[PDB]
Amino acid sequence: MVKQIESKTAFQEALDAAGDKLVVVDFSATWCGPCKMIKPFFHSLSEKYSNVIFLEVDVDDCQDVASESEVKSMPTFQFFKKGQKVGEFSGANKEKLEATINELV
């Protein structure tokens, strides 16, 4: 299951309720084709890795969160453990996404 985030408070609350778990956040936009192409694979990871928390943030819904997160290229994947950012990259690269998860979990 992928968390759909629709405020900065929900984002912060999610990072807090994570406990010690890896949190993976997909920042995407509706105009970003590859963002829409990777979305099912993103959902698959959330079903596969029930141990890891997956969130989606749409940058035009959550402009504050998008700005604060210093997002530049769509999609961007950020990774958190205990409220701290422990990884980031951009681009719809499935293999890299999963590899990154396995390094951080």
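Position 1 is the first residue in the sequence shown; the rest follow in order.
Residue 30: CA B factor in the highest third of modelled residues in this chain (values from the PDB entry). In this PDB entry, the Cα temperature factor of residue 88 sits in the bottom third of its chain's modelled residues, the lowest group. When all modelled residues of the chain are sorted by CA temperature factor, residue 47 is found within the highest third. Among the modelled residues of its chain, residue 97 has a C-alpha B-factor that falls in the lowest third, as given in the PDB entry. Split the chain's modelled residues into thirds by C-alpha temperature factor. Residue 62 is in the highest one.
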